[PDB]
Amino acid sequence: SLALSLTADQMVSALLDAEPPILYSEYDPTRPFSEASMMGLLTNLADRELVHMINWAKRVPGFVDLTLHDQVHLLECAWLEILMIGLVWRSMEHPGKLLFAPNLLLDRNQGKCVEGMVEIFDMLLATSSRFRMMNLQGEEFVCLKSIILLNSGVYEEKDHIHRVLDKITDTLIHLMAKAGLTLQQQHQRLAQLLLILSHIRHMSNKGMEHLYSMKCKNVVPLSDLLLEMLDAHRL
Amino acid sequence: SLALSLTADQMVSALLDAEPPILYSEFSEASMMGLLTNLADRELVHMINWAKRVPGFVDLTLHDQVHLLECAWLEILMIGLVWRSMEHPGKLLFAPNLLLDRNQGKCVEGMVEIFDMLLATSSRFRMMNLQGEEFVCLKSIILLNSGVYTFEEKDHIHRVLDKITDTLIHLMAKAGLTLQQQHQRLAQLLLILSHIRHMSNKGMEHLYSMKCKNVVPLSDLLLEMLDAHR
Amino acid sequence: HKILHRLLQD
Amino acid sequence: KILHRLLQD
Ligand SMILES: O=c1c(-c2ccc(O)cc2)coc2cc(O)cc(O)c12
Ligand SMILES: O=c1c(-c2ccc(O)cc2)coc2cc(O)cc(O)c12
């Protein structure tokens, strides 16, 4: 239970260290955006990020203290929320665009390539603007990503998880106190950040039913990893 | 706007005062679905009356109010459900004459999964000993937050939402929680709102599958509530 | 028009 | 379950 001993600064340092890299898509220009090709690009990218996610999780303090079964359940619940908050974050300096990868910068117009995708792109773009408005910092972003992981399926064992969650809240508050925010302003900012998580949950649920829909339309073959995560949100 | 000048005590009073009534219910998969949707449809009319009593809401343009309501309606109904189910462990008090357990959920395809979540959430408010003043704060947060991003009108909502944060903290302080306990509890409460979003989304897609299998006839308002989501 | 729109203007 | 195997490694 040694994650419960870290200072606020050790926690931030630990999460910043565990950050996965930004990956490249296999976008090929000489190949107009179809529904299949873009669905192909997005899901290929998700597949590859998934392996980096699994390993990052193992490095969120307190995550390995849970049984393999709980760990599985949390990543199954959280995986698209995590990819999405990742995307939103990367997309912050690109107003009106989603930077899925350095070589895949999309705007709301090409969400249209895929039925129902545009409503999702708009939600993602709206969350990116919010981050930008609030001037979300990297240290905050990594705390939020760890909360998504531990929160989104927290169902002793889930008291340990609630101890770890409290530790991360403490860490966000520490970060804001450090930034020179008044107590009042600290509470307000903390609530603004955690209320974003509700929108990210919404987007994940929307993306998961879109994803499931795309598989029934046979738009693209999906990874065995991806098929498993998808069948976890439906049984 | 006068919403922003309310003290915390006045915010809590206005909220408690605007609370909607508890309605009564009016067993096949079809009949049970009929009950649940008939209830929701009647509650919807009262929710709308409540929304208008939420400080700040009336300040929004009618189109923003519609957007917020369309986004949040089922989240609002479910948090109410989970609140009134609190002192009924293992049961969901849809109405005082409709108190259902997980066994009654198995009657409808896909519904027990939703019941089990609503039940876990109710158990969570119970372990946390969520107080009524806290509840009304959370419910109004859902109303103002759920559709907010997908919109200086936002700015106003966010000020109003900041005011609600303050009120929540004040209640915790007054209650005697430590300053650390305050931010810890605020976070725990807000995190539960993401579980409520999750549940609304599952309930929403479930309702849509009930509609498409022709299991229950839905009112014109419910059909419209559901269209906003696809 | 929308029932919701309508319910709100009462 | 593929995830199960990946967490193990
Ligand atoms: O957004 C995504 C992503 C995705 C991939 C990588 C990221 O970094 C972020 C999102 C993957 O598959 C989908 C599949 C869908 O059907 C709809 C979606 O919105 C997505
Ligand atoms: O939970 C509900 C409710 C419901 C009704 C009244 C309340 O106070 C709360 C939820 C209504 O319709 C549904 C319809 C569904 O398909 C699934 C559901 O879970 C529900």
# chains A, B, ... in the order shown; residues from 1 in each chain; ligands from 1
call {"tool": "residues_around", "arguments": {"residues": "residue 108 in chain A", "least_positions_apart": "6", "cutoff": "8 Å", "atoms": "only C-alpha atoms", "output": "MDAnalysis selection string"}}
result
chainID A and resid 96:97 118 121:122
call {"tool": "residues_near_ligand", "arguments": {"ligand": "ligand 1", "cutoff": "6 Å", "atoms": "only C-alpha atoms and all ligand atoms", "output": "short mmCIF file (atom, residue, chain, number, x, y, z; two decimals) with N, CA and C atoms, in the first residue's frame"}}
result
data_model
loop_
_atom_site.label_atom_id
_atom_site.label_comp_id
_atom_site.auth_asym_id
_atom_site.auth_seq_id
_atom_site.Cartn_x
_atom_site.Cartn_y
_atom_site.Cartn_z
N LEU A 42 -8.51 5.38 -37.29
CA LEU A 42 -8.80 5.64 -35.88
C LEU A 42 -8.62 4.38 -35.04
N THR A 43 -9.13 3.24 -35.52
CA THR A 43 -9.07 1.99 -34.76
C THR A 43 -7.68 1.35 -34.73
N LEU A 45 -4.99 3.12 -34.72
CA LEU A 45 -4.30 3.97 -33.76
C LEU A 45 -4.67 3.58 -32.32
N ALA A 46 -5.96 3.36 -32.07
CA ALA A 46 -6.43 2.96 -30.75
C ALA A 46 -5.77 1.65 -30.29
N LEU A 83 -8.17 7.17 -23.88
CA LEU A 83 -7.79 7.60 -25.25
C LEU A 83 -8.36 8.97 -25.58
N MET A 84 -9.63 9.20 -25.24
CA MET A 84 -10.28 10.48 -25.57
C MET A 84 -9.72 11.68 -24.80
N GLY A 86 -6.80 11.87 -23.72
CA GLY A 86 -5.51 11.97 -24.36
C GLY A 86 -5.61 12.83 -25.62
N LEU A 87 -6.56 12.49 -26.49
CA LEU A 87 -6.80 13.20 -27.76
C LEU A 87 -7.14 14.66 -27.51
N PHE A 100 -5.44 13.49 -33.70
CA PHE A 100 -5.41 12.07 -33.38
C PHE A 100 -3.96 11.63 -33.32
N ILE A 120 -19.76 13.21 -32.49
CA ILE A 120 -18.69 12.86 -31.57
C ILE A 120 -17.52 13.86 -31.66
N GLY A 207 -19.03 7.00 -28.17
CA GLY A 207 -18.03 6.39 -29.05
C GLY A 207 -18.13 4.87 -29.02
N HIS A 210 -21.00 3.89 -31.08
CA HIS A 210 -20.63 4.10 -32.48
C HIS A 210 -19.73 2.96 -32.91
N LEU A 211 -18.69 2.71 -32.12
CA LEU A 211 -17.78 1.60 -32.39
C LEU A 211 -18.54 0.31 -32.59
N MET A 214 -20.28 0.33 -35.94
CA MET A 214 -19.35 0.18 -37.07
C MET A 214 -18.95 -1.26 -37.31
#
call {"tool": "residues_around", "arguments": {"residues": "range 48-51 of chain B", "least_positions_apart": "5", "cutoff": "12 Å", "atoms": "only C-alpha atoms", "output": "NGL selection string"}}
result
(:B and (14-21 or 41-43 or 56-60 or 62 or 65-66 or 68-70 or 72-73 or 76-77 or 136 or 139-144 or 221)) or (:C and (3-10))
call {"tool": "write_last_selection", "arguments": {"atoms": "C-alpha atoms", "output": "CSV table (one decimal), in the first residue's frame"}}
result
chain,number,residue,atom,x,y,z
B,14,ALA,CA,-34.2,28.1,-3.0
B,15,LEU,CA,-33.1,24.7,-4.1
B,16,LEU,CA,-35.0,22.8,-1.3
B,17,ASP,CA,-38.1,24.9,-2.1
B,18,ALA,CA,-38.1,24.2,-5.8
B,19,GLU,CA,-38.0,20.4,-5.2
B,20,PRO,CA,-40.5,18.5,-7.4
B,21,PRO,CA,-43.3,16.3,-5.9
B,41,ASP,CA,-43.3,11.1,-18.6
B,42,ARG,CA,-45.4,12.5,-15.8
B,43,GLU,CA,-42.2,13.4,-13.8
B,56,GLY,CA,-29.6,31.0,-13.2
B,57,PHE,CA,-31.7,28.7,-15.4
B,58,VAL,CA,-34.4,31.3,-16.1
B,59,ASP,CA,-31.6,33.6,-17.2
B,60,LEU,CA,-30.8,31.3,-20.2
B,62,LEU,CA,-35.2,29.2,-24.2
B,65,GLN,CA,-32.9,25.6,-21.5
B,66,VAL,CA,-34.2,23.0,-24.0
B,68,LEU,CA,-29.8,21.4,-21.1
B,69,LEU,CA,-33.0,19.6,-20.3
B,70,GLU,CA,-32.8,17.3,-23.4
B,72,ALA,CA,-29.9,15.9,-18.6
B,73,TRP,CA,-33.4,14.7,-18.2
B,76,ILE,CA,-32.0,14.1,-13.2
B,77,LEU,CA,-34.7,11.3,-13.0
B,136,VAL,CA,-30.2,19.3,-4.4
B,139,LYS,CA,-29.1,17.6,-9.0
B,140,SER,CA,-28.8,21.2,-10.1
B,141,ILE,CA,-25.2,20.7,-11.1
B,142,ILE,CA,-26.4,18.0,-13.4
B,143,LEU,CA,-28.9,20.3,-15.0
B,144,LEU,CA,-26.4,23.1,-15.6
B,221,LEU,CA,-42.4,14.1,-25.2
C,3,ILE,CA,-43.3,19.7,-26.7
C,4,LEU,CA,-40.3,20.6,-24.5
C,5,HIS,CA,-40.0,24.1,-26.0
C,6,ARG,CA,-43.7,24.5,-25.4
C,7,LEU,CA,-43.7,23.1,-21.7
C,8,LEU,CA,-40.9,25.6,-20.9
C,9,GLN,CA,-42.8,28.8,-21.9
C,10,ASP,CA,-45.7,28.2,-19.5
call {"tool": "residues_near_ligand", "arguments": {"ligand": "ligand 2", "cutoff": "6 Å", "atoms": "only C-alpha atoms and all ligand atoms", "output": "VMD selection string"}}
result
chain B and resid 36 to 37 39 to 40 77 to 78 81 94 114 203 206 to 207
call {"tool": "atom_distance", "arguments": {"atom1": "CA of residue 204 in chain B", "atom2": "CA of residue 71 in chain B"}}
result
10.7 Å
call {"tool": "atom_distance", "arguments": {"atom1": "CA of residue 110 in chain A", "atom2": "CA of residue 228 in chain A"}}
result
27.6 Å
call {"tool": "atom_distance", "arguments": {"atom1": "CA of residue 113 in chain B", "atom2": "CA of residue 164 in chain A"}}
result
26.8 Å
call {"tool": "residues_around", "arguments": {"residues": "residue 137 in chain A", "least_positions_apart": "6", "cutoff": "10 Å", "atoms": "only C-alpha atoms", "output": "MDAnalysis selection string"}}
result
chainID A and resid 89 131 175
call {"tool": "write_last_selection", "arguments": {"atoms": "N, CA, C and O atoms", "output": "mmCIF file, in the first residue's frame"}}
result
data_model
loop_
_atom_site.group_PDB
_atom_site.id
_atom_site.type_symbol
_atom_site.label_atom_id
_atom_site.label_comp_id
_atom_site.auth_asym_id
_atom_site.auth_seq_id
_atom_site.Cartn_x
_atom_site.Cartn_y
_atom_site.Cartn_z
ATOM 1 N N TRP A 89 -6.472 16.530 -24.938
ATOM 2 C CA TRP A 89 -5.274 17.186 -24.429
ATOM 3 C C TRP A 89 -4.327 17.577 -25.559
ATOM 4 O O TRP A 89 -4.011 18.763 -25.718
ATOM 5 N N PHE A 131 -10.783 22.808 -22.000
ATOM 6 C CA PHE A 131 -9.415 22.688 -21.492
ATOM 7 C C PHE A 131 -8.639 23.970 -21.766
ATOM 8 O O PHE A 131 -7.956 24.506 -20.899
ATOM 9 N N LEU A 175 -1.372 21.113 -6.415
ATOM 10 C CA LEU A 175 -0.984 21.780 -7.646
ATOM 11 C C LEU A 175 -1.602 23.169 -7.759
ATOM 12 O O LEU A 175 -0.954 24.107 -8.195
#
call {"tool": "select_by_dssp", "arguments": {"residues": "chain C", "states": "alpha helix (DSSP H)", "output": "ChimeraX atom specification"}}
result
/C:3-8
call {"tool": "residues_around", "arguments": {"residues": "range 125-127 of chain A", "least_positions_apart": "5", "cutoff": "10 Å", "atoms": "only C-alpha atoms", "output": "ChimeraX atom specification"}}
result
/A:84-85,87-89,91-92,94-98,107-108,119-120,132-133,196-197,199-200,203 /B:148-151
call {"tool": "interface_residues", "arguments": {"of": "chain A", "to": "chain B", "cutoff": "6 Å", "atoms": "only C-alpha atoms", "output": "PyMOL selection string"}}
result
chain A and resi 126+166+188+198
call {"tool": "residues_around", "arguments": {"residues": "range 2-5 of chain D", "least_positions_apart": "6", "cutoff": "8 Å", "atoms": "only C-alpha atoms", "output": "PyMOL selection string"}}
result
chain A and resi 68-69+72+224-225+228
call {"tool": "residues_around", "arguments": {"residues": "residue 60 in chain A", "least_positions_apart": "2", "cutoff": "9 Å", "atoms": "only C-alpha atoms", "output": "list in words"}}
result
residues 3, 11, 14, 15, 18, 56, 57, 58, 62, 63, 64, 146 and 149 of chain A
call {"tool": "write_last_selection", "arguments": {"atoms": "C-alpha atoms", "output": "compact mmCIF listing (two decimals), in the first residue's frame"}}
result
# COMPACT_ATOMS: atom_id res chain seq x y z
CA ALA A 3 1.30 4.54 -3.10
CA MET A 11 2.72 11.51 -7.17
CA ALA A 14 5.40 9.53 -10.91
CA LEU A 15 2.51 10.21 -13.32
CA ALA A 18 4.58 7.22 -16.78
CA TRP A 56 1.03 3.06 -18.11
CA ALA A 57 -1.76 1.82 -15.86
CA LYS A 58 0.62 -0.60 -14.14
CA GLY A 62 -1.96 1.81 -6.34
CA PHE A 63 -3.18 0.12 -9.51
CA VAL A 64 -1.09 -3.05 -9.17
CA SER A 146 -5.48 8.53 -13.27
CA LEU A 149 -8.85 4.97 -14.66
call {"tool": "closest_residue", "arguments": {"among": "B:116, B:64, B:29, B:152", "to": "chain C", "atoms": "only C-alpha atoms"}}
result
B:64
call {"tool": "select_by_dssp", "arguments": {"residues": "range 14-233 of chain A", "states": "strand (DSSP E)", "output": "list in words"}}
result
residues 97, 98, 99, 100, 101, 104, 105, 106 and 107 of chain A
call {"tool": "write_last_selection", "arguments": {"atoms": "N, CA and C atoms", "output": "mmCIF file, in the first residue's frame"}}
result
data_model
loop_
_atom_site.group_PDB
_atom_site.id
_atom_site.type_symbol
_atom_site.label_atom_id
_atom_site.label_comp_id
_atom_site.auth_asym_id
_atom_site.auth_seq_id
_atom_site.Cartn_x
_atom_site.Cartn_y
_atom_site.Cartn_z
ATOM 1 N N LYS A 97 -9.716 21.625 -34.273
ATOM 2 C CA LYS A 97 -9.161 20.396 -34.824
ATOM 3 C C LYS A 97 -8.835 19.358 -33.786
ATOM 4 N N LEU A 98 -8.913 18.099 -34.196
ATOM 5 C CA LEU A 98 -8.522 16.996 -33.347
ATOM 6 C C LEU A 98 -7.250 16.384 -33.905
ATOM 7 N N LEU A 99 -6.217 16.380 -33.076
ATOM 8 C CA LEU A 99 -4.920 15.853 -33.436
ATOM 9 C C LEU A 99 -4.848 14.410 -32.944
ATOM 10 N N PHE A 100 -5.440 13.491 -33.704
ATOM 11 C CA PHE A 100 -5.411 12.071 -33.375
ATOM 12 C C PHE A 100 -3.958 11.628 -33.324
ATOM 13 N N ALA A 101 -3.179 12.095 -34.291
ATOM 14 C CA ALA A 101 -1.727 11.910 -34.289
ATOM 15 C C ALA A 101 -1.018 13.075 -35.003
ATOM 16 N N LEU A 104 -2.068 13.036 -38.390
ATOM 17 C CA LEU A 104 -3.520 12.931 -38.565
ATOM 18 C C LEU A 104 -4.276 14.019 -37.797
ATOM 19 N N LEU A 105 -4.306 15.223 -38.362
ATOM 20 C CA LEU A 105 -4.999 16.344 -37.750
ATOM 21 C C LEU A 105 -6.313 16.509 -38.497
ATOM 22 N N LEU A 106 -7.427 16.182 -37.834
ATOM 23 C CA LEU A 106 -8.748 16.209 -38.463
ATOM 24 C C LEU A 106 -9.634 17.359 -37.951
ATOM 25 N N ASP A 107 -10.492 17.905 -38.802
ATOM 26 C CA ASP A 107 -11.494 18.828 -38.282
ATOM 27 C C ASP A 107 -12.899 18.251 -38.388
#
call {"tool": "decode", "arguments": {"residues": "chain D", "atoms": "N, CA and C atoms", "output": "PDB file, in the first residue's frame"}}
result
ATOM      1  N   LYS D   1      -8.744 -14.235 -22.265  1.00  0.00           N
ATOM      2  CA  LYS D   1      -8.915 -12.758 -22.383  1.00  0.00           C
ATOM      3  C   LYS D   1      -7.562 -12.083 -22.610  1.00  0.00           C
ATOM      4  N   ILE D   2      -7.440 -11.365 -23.724  1.00  0.00           N
ATOM      5  CA  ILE D   2      -6.171 -10.757 -24.136  1.00  0.00           C
ATOM      6  C   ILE D   2      -5.629  -9.749 -23.122  1.00  0.00           C
ATOM      7  N   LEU D   3      -6.507  -8.903 -22.592  1.00  0.00           N
ATOM      8  CA  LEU D   3      -6.110  -7.918 -21.582  1.00  0.00           C
ATOM      9  C   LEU D   3      -5.472  -8.607 -20.377  1.00  0.00           C
ATOM     10  N   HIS D   4      -6.112  -9.679 -19.916  1.00  0.00           N
ATOM     11  CA  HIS D   4      -5.630 -10.449 -18.775  1.00  0.00           C
ATOM     12  C   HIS D   4      -4.168 -10.852 -18.964  1.00  0.00           C
ATOM     13  N   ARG D   5      -3.862 -11.363 -20.150  1.00  0.00           N
ATOM     14  CA  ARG D   5      -2.508 -11.754 -20.497  1.00  0.00           C
ATOM     15  C   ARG D   5      -1.560 -10.553 -20.518  1.00  0.00           C
ATOM     16  N   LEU D   6      -2.005  -9.429 -21.082  1.00  0.00           N
ATOM     17  CA  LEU D   6      -1.156  -8.224 -21.158  1.00  0.00           C
ATOM     18  C   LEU D   6      -0.803  -7.618 -19.791  1.00  0.00           C
ATOM     19  N   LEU D   7      -1.750  -7.606 -18.857  1.00  0.00           N
ATOM     20  CA  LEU D   7      -1.457  -7.091 -17.520  1.00  0.00           C
ATOM     21  C   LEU D   7      -0.406  -7.966 -16.839  1.00  0.00           C
ATOM     22  N   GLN D   8      -0.493  -9.271 -17.071  1.00  0.00           N
ATOM     23  CA  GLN D   8       0.468 -10.217 -16.521  1.00  0.00           C
ATOM     24  C   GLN D   8       1.918  -9.882 -16.885  1.00  0.00           C
ATOM     25  N   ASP D   9       2.224  -9.892 -18.183  1.00  0.00           N
ATOM     26  CA  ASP D   9       3.570  -9.583 -18.668  1.00  0.00           C
ATOM     27  C   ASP D   9       4.269  -8.533 -17.815  1.00  0.00           C
TER      28      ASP D   9
END
